[PDB]
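Structure first, commentary second.
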Amino acid sequence: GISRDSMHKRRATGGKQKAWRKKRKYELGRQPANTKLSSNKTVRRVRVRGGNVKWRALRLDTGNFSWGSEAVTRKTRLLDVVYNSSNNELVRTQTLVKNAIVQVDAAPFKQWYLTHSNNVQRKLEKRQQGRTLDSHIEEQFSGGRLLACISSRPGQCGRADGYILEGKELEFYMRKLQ
Amino acid sequence: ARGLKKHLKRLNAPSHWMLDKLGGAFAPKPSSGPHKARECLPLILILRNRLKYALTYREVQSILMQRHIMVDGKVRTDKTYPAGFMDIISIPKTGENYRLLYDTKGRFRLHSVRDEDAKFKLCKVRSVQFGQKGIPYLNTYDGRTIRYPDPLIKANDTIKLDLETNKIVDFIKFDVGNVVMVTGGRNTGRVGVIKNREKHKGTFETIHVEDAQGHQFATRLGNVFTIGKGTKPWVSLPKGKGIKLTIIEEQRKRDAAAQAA
Amino acid sequence: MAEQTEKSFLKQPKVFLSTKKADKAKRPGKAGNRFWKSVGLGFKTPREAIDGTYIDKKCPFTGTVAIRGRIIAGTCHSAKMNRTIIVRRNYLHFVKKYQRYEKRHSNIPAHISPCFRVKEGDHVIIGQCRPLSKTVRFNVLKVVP
RNA sequence: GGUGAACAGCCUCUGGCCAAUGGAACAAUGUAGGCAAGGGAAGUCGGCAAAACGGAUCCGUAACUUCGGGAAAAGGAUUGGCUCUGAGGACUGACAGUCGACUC
RNA sequence: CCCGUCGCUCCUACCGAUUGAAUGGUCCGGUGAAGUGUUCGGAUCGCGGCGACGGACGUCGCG
RNA sequence: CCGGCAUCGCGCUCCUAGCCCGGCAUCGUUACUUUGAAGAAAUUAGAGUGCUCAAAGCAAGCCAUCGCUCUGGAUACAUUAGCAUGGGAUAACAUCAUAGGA
RNA sequence: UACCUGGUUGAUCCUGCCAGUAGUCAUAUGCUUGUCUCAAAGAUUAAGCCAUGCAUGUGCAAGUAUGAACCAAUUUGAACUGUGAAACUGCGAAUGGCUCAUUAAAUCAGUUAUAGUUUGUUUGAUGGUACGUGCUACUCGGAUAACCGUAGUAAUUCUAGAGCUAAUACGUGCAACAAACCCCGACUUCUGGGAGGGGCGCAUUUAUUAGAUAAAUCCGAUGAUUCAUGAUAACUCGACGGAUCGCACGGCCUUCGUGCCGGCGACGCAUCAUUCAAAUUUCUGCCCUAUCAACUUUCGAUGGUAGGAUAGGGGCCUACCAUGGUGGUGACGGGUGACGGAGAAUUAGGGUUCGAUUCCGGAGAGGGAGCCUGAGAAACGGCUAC
Ligand SMILES: [Mg+2]
Ligand SMILES: [Mg+2]
Ligand SMILES: [Mg+2]
Ligand SMILES: [Mg+2]
Ligand SMILES: [Mg+2]
Ligand SMILES: [Mg+2]
Ligand SMILES: [Mg+2]
Ligand SMILES: [Mg+2]
Ligand SMILES: [Mg+2]
Ligand SMILES: [Mg+2]
Ligand SMILES: [Mg+2]
Ligand SMILES: [Mg+2]
Ligand SMILES: [Mg+2]
Ligand SMILES: [Mg+2]
Ligand SMILES: [Mg+2]
Ligand SMILES: [Mg+2]
Ligand SMILES: [Mg+2]
Ligand SMILES: [Mg+2]
Ligand SMILES: [Mg+2]
Ligand SMILES: [Mg+2]
Ligand SMILES: [Mg+2]
Ligand SMILES: [Mg+2]
């Protein structure tokens, strides 16, 4: 099958390498997952070396995204893939892949952000003097869906986890999105 | 090949097993166990080849399946158990205790000990680090793991363990000037006092040891083993008090033993 | 800014930039401050590897590679690739039949960090790391020109 | 004007024509054009005549040689439609704005 | 003493038209068994929900 | 055959650190050379051992050779590459004259 | 034992080869052969082809027994008591063994490294919440082999169907606190809170934060880490957190009720460490050949970035970009009647030649290719295709 051997490559000098083995299992590969973004959530078991289990995620809609600048991690529902640093085709065919850029609900994040009697307003006034909340992400809330960077390995672990963009990374991806 | 190798051929056997060459094709192949399995002795070598309580594989099987042969506080019926350094092998029916130590020429003797210095063993630690929920534990070269270590016991050190409380009672801090005995290589067997210890960044730490009567040598860290604090050991040494004697000297011993009779 | 030059935004793992509670002196790699690691072995982490903007996951000091194995000294033979050189390890060989020495050699690919700056034929000291590529198993730790 | 490398062929616009004696029928033999099962030059003095190949892109290209060629050798692959992506510019005040007919 | 041509016998190798021939490989292309992974698919087979109906039926529960 | 000394010995704060004081860090490379470690056994060399010798083998020998003693099962070699310590004669590399020196 | 002897000449002194001389744990063969000890034996040619038979199966007191047997034999209540053949389940069959075809920095040797990984097992340590509105556990499913019976097929450990009956096979499903803390949070008094009640094992992934200094009250490791590890927010249609099996009985009544109970084990789940290992991997080293001087690169060549895949690093593969990598210190290419090494023969020293072979490593099972199970296989005394 698909193999990760260095045998079929050339040598560093560029000469062919006459084969001396038949392919071994412990140098196999497996065909990629091409995890789609779709409602019919589907993750299938694969049994790998050592007998343990890997989760091939064929297709997901609901992911788990963090918001570091406020340290809140909410489940959310994926909207679409909009940028992918290796291939435009992957954006076109909507494949969930690490370091891709998806768009997320903003519903858990909005309802969290409204959070944060006298015991309550006293705590709100103790906070809310330190709100900074950059306009680049606030306008994105007002648009109603946030940019997020998927940081899991969906074909490896079976999830779409990630983090909301802020700062220079936000503004650099933004300046490429227009 | 395509899996673990389950046979061991006599010539491939460790050289300190002493076992002969035309004795067969295969050797006991010590099972995976708590000691390094190239530095070990199967209990079949303990029984048949040293103590001679049996004469065959099957008779040693009878020995062990009788549940008599008890190791380190608990009977071990495996016939390829990797018993090694300061493992204590007891036999209730003979009421007879043994402890496995290196002798100066690089091999293993079974030194008899009485019950008080058989109620406990003594071993070095591999490393101490944290575990789940932040509970510290330490790892020994016998494989044993001990949780809640004394906040002073560190790596490379030595610790005594009783077989009833099954925990630490005291520990020797591996440091300069404490009696050691090398457990691997050409210097193995020789006890001696550490006299220097120099460290080089990124490689094995070198231990310069002096024997009880003048000779000096060096060794790698994985091979040395503190016994007692200062010159006094906390274990009963064998008939040679850990001094490897030059071949000329050992010839003179046998010549003198001849001319004394 | 200069160093972000590719189709992904280069950034240091587990290092979080746009944080609320940040301060310039906590420890590098934390609270928005750039990560770096003292590779050790008497090798000193370069000043521009400290105050550098380049982001490079294969740098010994600022990346995710740990220098372990054996350490070699050679000479920069060429610097004609991206963040990598080929070091030529000149030495002598012993021909036992003839009791004489023939000089042999070996070209070794070595990864330089952008902190270092190599010209052709500069004495270099490299150390072993995990396999970075088909041929590169070493990182440059010292450059003497 | 369109296709197209193109003053090729094919079709159209301005301008010019339907002028070549017409009616009926669709027999043989003709002149010009085609198509044929299986075989594939056996036909014949002779592959005469016809069929086949044919543009373009990518790869590959022998003997011999006057070292210039042979060479478009030979031998292979791809080509439509539609929806896209990328690269290549001009003018104005390492950026911003305006425009852009095309080629890959 | 001796050199070479020519004549004859035998051995060995050479050049040589023959689009020479055979064996074995390698590469490109064409075709492509089979397996693995994937999409639809749904032969049957599981509380046999409910009609409060007379071992049956349809709505059937999802797997 | 060598320790340590002094002479016209750039300093060390820190571990090794005297009954003010030996023998302390970092701030040019190598080769060569000494010593050390790690070095699989079998093979070879080589110690012990009367398998009757010998090739061998790793045994076996002595108690009153009466309910057990003493046991051995050594040691060497292992060029080249790697690690580590002492030397700096011999031999290569790099290089204080712009002083950007101490 | 660091050695020479015959042959160019009429004779001499040489360069020089030819022949002699000796060994081979080096094969064949020829002649011959009474004793003891020891012991290679289809490698060279054909990694050509194979009749036959065997070579891997497995049972404890301790997973499953009136399905059919043997021994005990019943006061005719209950056992299936004890021996168990068949069968289910589990484990091993990935070792052994045989050969050297392919393979010339490749395998292999010495030496590293994994902080870049998986590892049934051994050994040692370890494990709350299964839902109840965290205010002490809450219910037990049929079917399946062996057997009995009816059969097709010429047929094979080929094969359909009916009737039975289990689990440590399969599938469900009771849960041991103060909740330590974490976030919400009625009102009180004003709170720096009381807080009444509502949300929180272990594994998986993601993200935040901590994981401490320097001379005038800081606490783990490394040569080196965002390490070990902790807290947090979540997340999974969660693998898991024991419906298992043995004997020996033996203190004492709460309802004197096999009654309050209780130990020693067997197996098994998961985590960490250990071990058996593996897989990669660093440096240096291999025979002959220049009538093999350029090779690599559109289609992976060398590197970068991002990802995918792997147990894991990595052009292993994909997308984009750069124009690189090797070479007269011999690349690339070709030969090898070439597996590598420990080593063998011969040896004054130095060397020369060999090493298929019983020890280690690798590779193959007619030639290729592809996979199931499993911790471990690209297995061939396993399967699929040509
Ligand atoms: Mg094998
Ligand atoms: Mg055109
Ligand atoms: Mg025209
Ligand atoms: Mg025709
Ligand atoms: Mg013709
Ligand atoms: Mg003809
Ligand atoms: Mg004719
Ligand atoms: Mg003719
Ligand atoms: Mg013609
Ligand atoms: Mg021609
Ligand atoms: Mg000679
Ligand atoms: Mg002459
Ligand atoms: Mg004569
Ligand atoms: Mg001769
Ligand atoms: Mg052969
Ligand atoms: Mg055959
Ligand atoms: Mg990568
Ligand atoms: Mg061969
Ligand atoms: Mg072998
Ligand atoms: Mg095989
Ligand atoms: Mg096979
Ligand atoms: Mg067979």
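Each chain in the structure tokens gets a letter, A, B and so on, in the order shown; residues start at 1 in every chain, and ligands are counted from 1 in the order they appear.
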
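Within 10 Å of chain C, counting only C-alpha atoms, chain A contributes residues 6, 9, 11, 12, 68, 69, 70, 71, 83, 84, 85, 86, 87, 99, 100, 130, 131, 132, 165, 166, 167, 168, 169, 170, 172, 173 and 176 of chain A.
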
Query - Which of region 2-139 of chain C fall in strand (DSSP E or B), as a ChimeraX atom specification - result: /C:40,43,71-81,84-88,93-95,100-102,107-111,123-128,138-139

Report task. Within 10 Å of region 267-281 of chain G, counting only C-alpha atoms (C1' of nucleotides), which residues show up once you throw out same-chain ones fewer than 6 positions away? Write them as a ChimeraX atom specification, please. Result -> /A:26-27 /B:1-6,30-37,82,131-132,137-145 /C:130-131,137 /G:62-63,112-114,116-119,121-127,168,202-203,239-242,244-245,311-313,376

Report task. With a cut-off of 10 Å and counting only C-alpha atoms (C1' of nucleotides), select all residues of chain B in contact with chain F and give the selection as a PyMOL selection string. Result -> chain B and resi 9-22+105+176+184-187+196-197+200+203-206+208+217-220+246-247+250-251

Atoms kept (N, CA, C and O atoms) for selection, written as a compact mmCIF listing (two decimals), in the first residue's frame:
# COMPACT_ATOMS: atom_id res chain seq x y z
N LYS B 9 20.57 -18.84 22.41
CA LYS B 9 21.54 -19.88 22.13
C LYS B 9 22.73 -19.75 23.07
O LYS B 9 23.16 -18.64 23.39
N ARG B 10 23.26 -20.89 23.52
CA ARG B 10 24.17 -20.88 24.67
C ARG B 10 25.36 -19.96 24.44
O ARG B 10 25.82 -19.31 25.38
N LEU B 11 25.88 -19.91 23.22
CA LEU B 11 27.02 -19.04 22.99
C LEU B 11 26.62 -17.58 23.07
O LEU B 11 27.44 -16.74 23.46
N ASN B 12 25.38 -17.27 22.74
CA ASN B 12 24.89 -15.90 22.81
C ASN B 12 24.62 -15.48 24.25
O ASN B 12 24.42 -14.29 24.51
N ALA B 13 24.64 -16.43 25.19
CA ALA B 13 24.32 -16.14 26.57
C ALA B 13 25.38 -15.21 27.19
O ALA B 13 26.51 -15.16 26.72
N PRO B 14 25.01 -14.47 28.22
CA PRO B 14 25.99 -13.61 28.90
C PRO B 14 27.18 -14.42 29.39
O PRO B 14 27.05 -15.57 29.80
N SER B 15 28.36 -13.80 29.32
CA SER B 15 29.60 -14.51 29.64
C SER B 15 29.74 -14.83 31.12
O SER B 15 30.48 -15.74 31.47
N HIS B 16 29.05 -14.10 31.98
CA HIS B 16 29.13 -14.35 33.41
C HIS B 16 28.20 -15.45 33.88
O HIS B 16 28.14 -15.73 35.08
N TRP B 17 27.44 -16.07 32.98
CA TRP B 17 26.65 -17.23 33.36
C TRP B 17 27.48 -18.50 33.50
O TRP B 17 26.96 -19.49 34.03
N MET B 18 28.72 -18.50 33.01
CA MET B 18 29.67 -19.58 33.24
C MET B 18 29.31 -20.87 32.52
O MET B 18 30.10 -21.82 32.51
N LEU B 19 28.13 -20.92 31.90
CA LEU B 19 27.60 -22.20 31.46
C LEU B 19 28.36 -22.69 30.24
O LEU B 19 28.83 -21.90 29.41
N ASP B 20 28.50 -24.01 30.15
CA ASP B 20 29.43 -24.64 29.23
C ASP B 20 28.95 -24.52 27.78
O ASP B 20 27.93 -23.91 27.48
N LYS B 21 29.71 -25.14 26.88
CA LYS B 21 29.53 -24.96 25.45
C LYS B 21 28.86 -26.14 24.76
O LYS B 21 27.99 -25.93 23.91
N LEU B 22 29.25 -27.37 25.08
CA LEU B 22 28.58 -28.56 24.57
C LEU B 22 27.39 -28.98 25.42
O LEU B 22 26.89 -30.10 25.26
N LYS B 105 35.77 -11.01 40.10
CA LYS B 105 36.15 -11.40 38.75
C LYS B 105 35.00 -11.26 37.76
O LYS B 105 35.10 -11.75 36.63
N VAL B 176 30.48 12.00 46.94
CA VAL B 176 31.90 11.70 46.99
C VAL B 176 32.26 11.10 48.35
O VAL B 176 31.91 11.65 49.40
N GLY B 184 29.14 -3.32 36.37
CA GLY B 184 29.21 -3.63 34.95
C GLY B 184 30.58 -3.34 34.39
O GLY B 184 31.27 -2.42 34.84
N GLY B 185 30.95 -4.10 33.37
CA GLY B 185 32.20 -3.89 32.69
C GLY B 185 33.33 -4.74 33.23
O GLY B 185 33.12 -5.81 33.82
N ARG B 186 34.56 -4.28 33.00
CA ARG B 186 35.72 -5.01 33.49
C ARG B 186 36.01 -4.75 34.96
O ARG B 186 36.63 -5.59 35.61
N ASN B 187 35.57 -3.62 35.50
CA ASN B 187 35.77 -3.30 36.90
C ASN B 187 34.65 -3.82 37.79
O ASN B 187 34.64 -3.52 38.98
N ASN B 196 36.65 10.57 43.42
CA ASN B 196 36.41 11.75 42.60
C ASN B 196 35.25 11.45 41.67
O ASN B 196 34.92 10.29 41.41
N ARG B 197 34.63 12.51 41.17
CA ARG B 197 33.49 12.38 40.27
C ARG B 197 33.48 13.59 39.36
O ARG B 197 33.13 14.68 39.80
N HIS B 200 30.95 15.79 32.48
CA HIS B 200 31.16 16.48 31.21
C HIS B 200 29.81 16.65 30.54
O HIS B 200 29.02 15.69 30.47
N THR B 203 27.40 13.82 28.34
CA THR B 203 27.93 12.47 28.24
C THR B 203 27.89 11.81 29.60
O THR B 203 27.44 12.39 30.59
N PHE B 204 28.37 10.57 29.65
CA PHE B 204 28.38 9.81 30.90
C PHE B 204 29.30 10.47 31.93
O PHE B 204 30.36 11.00 31.60
N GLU B 205 28.86 10.43 33.18
CA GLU B 205 29.60 11.01 34.28
C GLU B 205 30.62 10.00 34.77
O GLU B 205 30.29 8.82 34.91
N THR B 206 31.85 10.44 35.00
CA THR B 206 32.91 9.50 35.33
C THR B 206 33.20 9.51 36.83
O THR B 206 33.29 10.58 37.46
N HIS B 208 35.72 8.12 39.72
CA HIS B 208 37.02 7.58 40.09
C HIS B 208 36.93 7.02 41.51
O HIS B 208 36.64 7.76 42.46
N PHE B 217 40.73 3.30 40.06
CA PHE B 217 40.16 3.03 38.75
C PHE B 217 39.03 4.02 38.48
O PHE B 217 38.71 4.87 39.31
N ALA B 218 38.42 3.89 37.31
CA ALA B 218 37.34 4.77 36.87
C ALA B 218 36.21 3.93 36.30
O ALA B 218 36.39 2.76 35.95
N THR B 219 35.03 4.54 36.23
CA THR B 219 33.84 3.81 35.79
C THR B 219 32.77 4.81 35.35
O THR B 219 32.82 5.99 35.71
N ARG B 220 31.84 4.33 34.53
CA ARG B 220 30.67 5.11 34.16
C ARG B 220 29.59 5.03 35.24
O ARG B 220 29.56 4.11 36.06
N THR B 246 45.40 -8.97 41.30
CA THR B 246 46.09 -9.21 40.05
C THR B 246 46.44 -10.69 39.94
O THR B 246 46.58 -11.40 40.94
N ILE B 247 46.55 -11.17 38.69
CA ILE B 247 46.73 -12.59 38.45
C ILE B 247 47.98 -13.11 39.15
O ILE B 247 48.00 -14.24 39.66
N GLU B 250 47.00 -13.61 42.75
CA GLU B 250 46.15 -14.78 42.95
C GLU B 250 46.91 -16.07 42.70
O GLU B 250 46.55 -17.10 43.27
N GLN B 251 47.95 -16.04 41.88
CA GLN B 251 48.84 -17.18 41.79
C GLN B 251 49.58 -17.39 43.10
O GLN B 251 49.73 -18.52 43.56

Could you list, as a PDB file with N, CA, C and O atoms (P, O5', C5', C4', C3', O3' and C1' of nucleotides), in the first residue's frame, every residue of chain E that has an atom within 9 Å of an atom of chain A, counting only C-alpha atoms (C1' of nucleotides)?
ATOM      1  P     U E  36     -10.390  -5.559   0.956  1.00  0.00           P
ATOM      2  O5'   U E  36      -9.638  -4.203   1.297  1.00  0.00           O
ATOM      3  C5'   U E  36      -8.558  -4.197   2.213  1.00  0.00           C
ATOM      4  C4'   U E  36      -7.937  -2.832   2.313  1.00  0.00           C
ATOM      5  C3'   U E  36      -8.916  -1.695   2.510  1.00  0.00           C
ATOM      6  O3'   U E  36      -9.340  -1.560   3.850  1.00  0.00           O
ATOM      7  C1'   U E  36      -7.425  -1.134   0.785  1.00  0.00           C
ATOM      8  P     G E  37     -10.870  -1.210   4.172  1.00  0.00           P
ATOM      9  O5'   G E  37     -10.966   0.352   3.896  1.00  0.00           O
ATOM     10  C5'   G E  37     -10.143   1.254   4.612  1.00  0.00           C
ATOM     11  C4'   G E  37     -10.011   2.573   3.899  1.00  0.00           C
ATOM     12  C3'   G E  37     -11.298   3.253   3.485  1.00  0.00           C
ATOM     13  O3'   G E  37     -12.007   3.866   4.541  1.00  0.00           O
ATOM     14  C1'   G E  37      -9.802   3.335   1.698  1.00  0.00           C
ATOM     15  P     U E  38     -13.600   3.709   4.578  1.00  0.00           P
ATOM     16  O5'   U E  38     -14.118   4.710   3.456  1.00  0.00           O
ATOM     17  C5'   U E  38     -13.745   6.076   3.463  1.00  0.00           C
ATOM     18  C4'   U E  38     -14.268   6.800   2.247  1.00  0.00           C
ATOM     19  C3'   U E  38     -15.746   6.632   1.946  1.00  0.00           C
ATOM     20  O3'   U E  38     -16.605   7.420   2.747  1.00  0.00           O
ATOM     21  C1'   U E  38     -14.534   6.318  -0.028  1.00  0.00           C
TER      22        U E  38
END

Can you list every residue of chain G that has an atom at most 10 Å from ligand 22, with its nearest atom pair and the distance in Å to one decimal, using only C-alpha atoms (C1' of nucleotides) and all ligand atoms, ordered by chain then number, as CSV?
residue,atom,partner,partner_atom_place_in_ligand_line,distance
G:55,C1',ligand 22,1 (Mg),9.4
G:98,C1',ligand 22,1 (Mg),9.8
G:365,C1',ligand 22,1 (Mg),7.8
G:380,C1',ligand 22,1 (Mg),8.5
G:381,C1',ligand 22,1 (Mg),4.7

Kindly save the residues from that selection, with C-alpha atoms (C1' of nucleotides) included, as a PDB file, in the first residue's frame.
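File written: out36.pdb
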ATOM      1  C1'   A G  55       7.286 -30.886  11.127  1.00  0.00           C
ATOM      2  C1'   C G  98      16.225 -23.609   5.629  1.00  0.00           C
ATOM      3  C1'   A G 365       9.760 -18.760   0.649  1.00  0.00           C
ATOM      4  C1'   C G 380       3.508 -17.569   2.681  1.00  0.00           C
ATOM      5  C1'   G G 381       3.789 -25.078   7.157  1.00  0.00           C
TER       6        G G 381
END

Using only C-alpha atoms (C1' of nucleotides) and all ligand atoms, find each protein or nucleic acid residue lying at most 9 Å from ligand 8; present the set as a PDB file with C-alpha atoms (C1' of nucleotides), in the first residue's frame.
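File produced: pocket17.pdb:
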ATOM      1  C1'   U D  44      -1.211  -5.024 -62.017  1.00  0.00           C
ATOM      2  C1'   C D  45       4.765  -4.094 -65.692  1.00  0.00           C
ATOM      3  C1'   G D  46       4.382  -0.986 -61.408  1.00  0.00           C
TER       4        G D  46
END

Requested in this report: List all protein, DNA and RNA residues that have any atom at most 10 Å from ligand 16, counting only C-alpha atoms (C1' of nucleotides) and all ligand atoms, and write the list as number ranges by chain.
Outcome: G: 46-50, 365-366

Written file, previous selection with N, CA, C and O atoms (P, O5', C5', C4', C3', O3' and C1' of nucleotides), as a PDB file, in the first residue's frame:
ATOM      1  P     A G  46      22.408 -22.496 -11.455  1.00  0.00           P
ATOM      2  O5'   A G  46      20.907 -22.992 -11.614  1.00  0.00           O
ATOM      3  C5'   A G  46      19.903 -22.528 -10.722  1.00  0.00           C
ATOM      4  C4'   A G  46      19.286 -23.661  -9.948  1.00  0.00           C
ATOM      5  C3'   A G  46      20.263 -24.511  -9.147  1.00  0.00           C
ATOM      6  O3'   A G  46      19.613 -24.986  -7.972  1.00  0.00           O
ATOM      7  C1'   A G  46      19.182 -25.858 -10.761  1.00  0.00           C
ATOM      8  P     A G  47      19.628 -24.108  -6.626  1.00  0.00           P
ATOM      9  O5'   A G  47      18.557 -22.967  -6.895  1.00  0.00           O
ATOM     10  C5'   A G  47      18.191 -22.062  -5.862  1.00  0.00           C
ATOM     11  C4'   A G  47      16.964 -21.267  -6.227  1.00  0.00           C
ATOM     12  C3'   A G  47      17.194 -20.139  -7.224  1.00  0.00           C
ATOM     13  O3'   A G  47      16.035 -19.962  -8.030  1.00  0.00           O
ATOM     14  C1'   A G  47      16.423 -19.245  -5.179  1.00  0.00           C
ATOM     15  P     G G  48      16.102 -20.283  -9.599  1.00  0.00           P
ATOM     16  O5'   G G  48      16.243 -21.860  -9.647  1.00  0.00           O
ATOM     17  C5'   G G  48      15.226 -22.689  -9.118  1.00  0.00           C
ATOM     18  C4'   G G  48      14.725 -23.650 -10.157  1.00  0.00           C
ATOM     19  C3'   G G  48      13.543 -24.508  -9.753  1.00  0.00           C
ATOM     20  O3'   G G  48      12.310 -23.823  -9.853  1.00  0.00           O
ATOM     21  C1'   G G  48      15.186 -25.870 -10.732  1.00  0.00           C
ATOM     22  P     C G  49      11.184 -24.020  -8.726  1.00  0.00           P
ATOM     23  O5'   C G  49      10.548 -25.430  -9.081  1.00  0.00           O
ATOM     24  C5'   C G  49      10.170 -25.722 -10.415  1.00  0.00           C
ATOM     25  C4'   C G  49       9.867 -27.185 -10.609  1.00  0.00           C
ATOM     26  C3'   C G  49       8.975 -27.828  -9.570  1.00  0.00           C
ATOM     27  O3'   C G  49       7.608 -27.508  -9.738  1.00  0.00           O
ATOM     28  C1'   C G  49      10.780 -29.262 -10.051  1.00  0.00           C
ATOM     29  P     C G  50       6.642 -27.473  -8.460  1.00  0.00           P
ATOM     30  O5'   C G  50       7.100 -28.737  -7.611  1.00  0.00           O
ATOM     31  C5'   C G  50       6.183 -29.468  -6.816  1.00  0.00           C
ATOM     32  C4'   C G  50       6.498 -30.939  -6.847  1.00  0.00           C
ATOM     33  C3'   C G  50       6.199 -31.716  -5.575  1.00  0.00           C
ATOM     34  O3'   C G  50       4.839 -32.098  -5.463  1.00  0.00           O
ATOM     35  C1'   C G  50       8.358 -32.271  -6.354  1.00  0.00           C
ATOM     36  P     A G 365       8.709 -14.027   0.090  1.00  0.00           P
ATOM     37  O5'   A G 365       8.869 -15.592  -0.101  1.00  0.00           O
ATOM     38  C5'   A G 365       8.980 -16.148  -1.401  1.00  0.00           C
ATOM     39  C4'   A G 365       9.371 -17.600  -1.347  1.00  0.00           C
ATOM     40  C3'   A G 365       8.221 -18.571  -1.119  1.00  0.00           C
ATOM     41  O3'   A G 365       8.512 -19.799  -1.778  1.00  0.00           O
ATOM     42  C1'   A G 365       9.760 -18.760   0.649  1.00  0.00           C
ATOM     43  P     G G 366       7.364 -20.572  -2.581  1.00  0.00           P
ATOM     44  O5'   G G 366       7.886 -20.595  -4.080  1.00  0.00           O
ATOM     45  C5'   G G 366       9.262 -20.769  -4.367  1.00  0.00           C
ATOM     46  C4'   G G 366       9.575 -20.345  -5.775  1.00  0.00           C
ATOM     47  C3'   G G 366       9.366 -18.871  -6.076  1.00  0.00           C
ATOM     48  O3'   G G 366      10.469 -18.072  -5.696  1.00  0.00           O
ATOM     49  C1'   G G 366       8.304 -20.156  -7.733  1.00  0.00           C
TER      50        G G 366
END

Query - Surrounding residues of residue 107 (chain A) excluding itself and chain neighbours under 6 positions, 9 Å, only C-alpha atoms (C1' of nucleotides), as a list in words - result: residues 76, 144 and 145 of chain A

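Once only C-alpha atoms (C1' of nucleotides) and all ligand atoms are used for the distance check, the residues close to ligand 3 at 12 Å turn out to be residues 1, 2, 3, 4, 6, 7, 8, 9, 10 and 11 of chain D.
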
**Report entry** Surrounding residues of region 217-231 of chain G excluding itself and chain neighbours under 3 positions, 9 Å, only C-alpha atoms (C1' of nucleotides), as a count of residues only
**Finding:** 37

Query raised in the report: Can you tell me which residues sit at most 12 Å away from ligand 10, counting only C-alpha atoms (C1' of nucleotides) and all ligand atoms, written as a list in words?
Result: residues 61, 62, 63, 64, 69, 70, 71, 72, 73 and 74 of chain D

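Separating CA of residue 93 (chain A) from CA of residue 39 (chain A) is a distance of 15.0 Å.
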
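Based on only C-alpha atoms (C1' of nucleotides) and all ligand atoms, the protein and nucleic acid residues found within 12 Å of ligand 12 are, by chain and then by number, residues 8, 9, 14, 15 and 16 of chain G.
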
Report task. Compute the set of protein, DNA and RNA residues whose minimum atom distance to ligand 9 is at most 10 Å, using only C-alpha atoms (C1' of nucleotides) and all ligand atoms, and state it as a PyMOL selection string. Result -> chain D and resi 47-50

**Report entry** Nearby residues, ligand 15, 7 Å, only C-alpha atoms (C1' of nucleotides) and all ligand atoms, as a PyMOL selection string
**Finding:** chain G and resi 43-44+100+356
